[PDB]
Structure formats: C-alpha cells, structure tokens
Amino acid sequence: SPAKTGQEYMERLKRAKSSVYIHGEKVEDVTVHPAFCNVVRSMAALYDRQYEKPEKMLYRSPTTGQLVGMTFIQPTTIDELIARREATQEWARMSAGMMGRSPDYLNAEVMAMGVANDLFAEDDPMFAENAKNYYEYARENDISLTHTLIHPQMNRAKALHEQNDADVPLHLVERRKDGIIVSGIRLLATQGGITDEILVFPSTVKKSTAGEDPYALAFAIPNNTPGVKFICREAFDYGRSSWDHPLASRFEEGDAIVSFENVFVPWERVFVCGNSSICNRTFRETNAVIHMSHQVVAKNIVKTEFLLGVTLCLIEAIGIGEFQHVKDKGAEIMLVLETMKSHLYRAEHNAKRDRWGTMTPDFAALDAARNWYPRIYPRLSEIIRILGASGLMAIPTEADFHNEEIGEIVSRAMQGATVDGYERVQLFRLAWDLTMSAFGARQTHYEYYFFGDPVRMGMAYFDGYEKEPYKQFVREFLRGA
C-alpha cells in the first residue's frame, strides 16, 4: 500500500535533508531538532490514523487500484464529497483545528488542478499534462505538501517590477531544454521544509499585471531541491511540556522564508511559466478555491467546536454561567458554530458536477463562509480572554505543583468552583495557549489572514457577486408607482 505511516513519513523527512535554518543555524535533522520534532510527531500521528481507520481514511486509486489517501479523492458523488470532508474532520479533531497545512489542504488544491487542468493548455498542452501527472504522483506516493503564495512586496504602493530591487521576488531567470531556472524569494511557507514538496503558486487575491509576467510562476518541487533554503522565523515552541504549553508543544507548524538561489525546475514539474493572465485565473477556473474552501470550512467547524468547549469549561470552572453578559458571549460562539455548519451543509448537499465530472461544492456558501469566518475569529479569541480574566495570568507550571515546599499551597490556591487547582491551571493554560501565547496570538492572526487580506477579499467578493437581479427586483418595485 503506497499510503504512508507515521514512521514512513518521518523516515522520508530524515533522508531528504532539506536546507533549513532556524535560530541562526543550519538544521541537521528536522525530525529531532527541538523547534520541529513535536509538530513532526503530530503530523506522523495523522498518517497513523489513516491505517487505524482505513475504511474512512483511504480509498482505491482509479489508476492503480491501491489504497491511497481519502483527502486526495476526486469526488464524483455527494457521498464521496462528504466522505472526503469526514476524513478532513478526523485529522482536524486530532489537531484541534490548529493546523493550517495538514496534508488535506494542499491535497485538495493538487487534485482540483490535476483534474481541471485545461486552463494550463492555453500556454502549452504539456503544462496541462504535467498537472494531471503531478496529482497522480502526489496521490500514489502520499506526498506531503505545503505552498507559498506570497511575494516580498516591499513597497505596497507599487508593483513587483517597480520595487527598488526588482530581482528580490521569485522570477524566471531563463528557459532551457530540460527545465527552467528561477531566483528570488517567496514568503510564509507554513511547514516549510518539514514537508516532502512545495507548490509555488500565485496569490488567491492579489491580481498581477502584464509587467509582472516574470514573477507569474506555478510549479512544484522537492523541498530539498538544490539551491532552495527555508529560513524559519523564531519558534513559538519554547521546549515545554504539553501540560504547560498544550498547543504550542504539539502544533507549532513554523513559517518560513523560501530562498531560490539558482534553482532548476524540470519541465515536468511546471504548470505556469511567466504568464500573469493564466496565473490570475488559476484558482478560479480549476475550481481549486472551491475544494480548498471546503476543507477550510470543515476545519474551521472543528476549531470553533474546540474554542466553544474551552469557553464552556472556563465558564463552569469559575462559576460565571449565571451572568447575562457571560451567557451572551457563549451565545456568540454558538451562533458562529451553527452559521459555519449551515454553510457546510449547503455546500455539500447543493453540490453539482462540473464539466470534468467533479462533484463541486456550492461555492456561494463556502465563499461567504471563508470571507466571514476570518473577520469574526478575533472576537472568539477576545471572548475567551475576557472570561478567563485575571485567572489567565495565574499560571504556575506543572513543576510548581510537584515541588515539596509549595505543591500543596499552589493546589489549594488555584482551586475553582467545581475543580481542584491542578485541573483548573491545566484548563486555563489551554485557554492562555490558545489566545495569549505567541502560538495563540499567531492562530488569531493566521485565521484573519488565511486566504489573504480581508480588505482585498471583500473587494473581490463584492465584484464577483451576481448583482443585477437584486437591482431588477427593486427597479420593478419602483415602477409599480
């Protein structure tokens, strides 16, 4: 079976030896370096879950007949579509919705563009073939992927070609028989260099013009390709136990600058080569934004369930369940959860087959969800913070509980209404790690910016909305005077 286990996943990262830098040093082994080993372990547990629950987490490849990841499926019926989502939710439950690049996110993108690959043939028929071959290769080899969609804009008032240093952003250096050469920088590769391969693709939102053709690239390459380096930001896993830092010590995915010094990309791994127009249409005409949104909305639901659980546990632990303002705050989170569930229900049950036979979720539902959820997420976090109150700062370590001189003092001190001190501090430390640690604050920031800047997403949502019917309804009504 080509679908991989946790240890097969770790063994492939170890043998890859990608050029990865953190805290001023080259990383010898990502599987054991303190900044990465925990999140690698968490990913490994996802691959183990596929084998624990094969009937739900695997399916038969239409090309090879072997058991491959469910999250790669091309759904052709609403049942297959729901099945894909249930697999996404199983992993999302394991990571409390904290992972932005669990394999299922990229698996959806790669499938969509494999299957709906025709756009690419406008440039050359080979790029369309490459897309299909790439998806099959990814699925049949259980590749783990991230992407990078973000250029170093330096001056946002201006286009990439106008910057002081126009060569900083990733661009095409030349074309050859056997492939292409690229140089420059991409930003925010989440799980950069603890994945097998990386998709370099255009932005979801930021629409690029004719002068930016040298920057308009889509391709996928091994993380360890010669001349690629992953320069990680500072780790937010400070090496603590998962009682003390219950999230940061399990799900800290890293964000990385990606450098390309003179990187050779073989032709077979290229999808778009120096074409603003095709780039600008890639997410839309492959339907990839739809399947990517499906996964995200499903994951957001699991995550909202978790924040809700924390909120409710906090409420009970401190005995504040009877105040009106507390109940309304609880009601805010509950409404968000039901809203997201309602969009997902419509997305799946109102799905229709596209011209490639893919059962395609109703995007009117998912597009609203993905535009709304980021805007409201900071308030969900603000709610946990406000309810926890001064108790969020009363967070001694586990070690403080086991100390001979103070263990009892601390136990009695940190007592709640309905809980002993040890269980209460554990609970509050989870609320804290979710909202006020560097890991938690980053979760808020990441949800808000997940598919791009809400300011731009809002402009694009308005412009893409079918607005004529609503005018016609109002114009008829005025005519009847």
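In this text, residue numbers run from 1 along the sequence as written.
Report the stretch with the higher mean CA temperature factor, choosing between 343 to 351 and 132 to 140 on the basis of the entry. Taking the mean B-factor of the alpha carbons in each, 132 to 140 is higher.
If you average the CA temperature factors over each stretch, which comes out higher, 62 to 70 or 451 to 459? Stretch with the higher mean C-alpha B-factor: 62 to 70.
Based on what the PDB entry reports, which of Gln89, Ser411, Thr190, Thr397 has the top C-alpha B-factor? That would be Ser411.
Maximum C-alpha temperature factor, selected from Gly319, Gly97, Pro246, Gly179: Of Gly319, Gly97, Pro246, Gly179, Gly179 has the highest C-alpha B-factor.
Going by the CA temperature factor in the PDB record, which third of the chain does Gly421 belong to: lowest, middle or highest? It falls in the middle third of the chain.
If you rank the chain by CA B-factor, which third does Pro152 end up in: lowest, middle or highest? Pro152: CA B-factor falls in the highest third of its chain.
C-alpha B factor of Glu253, ranked within the chain: lowest, middle or highest third? According to the entry, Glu253 has a C-alpha B-factor in the chain's middle third.
According to the PDB entry, is the CA B factor of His294 in the bottom, middle or top third of its chain, that is, lowest, middle or highest? Its C-alpha B-factor, which the entry lists for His294, ranks in the lowest third among residues of this chain.
Check where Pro103 lands among this chain's C-alpha B-factors and tell me if it's the lowest, middle or highest third. It falls in the middle third of the chain.
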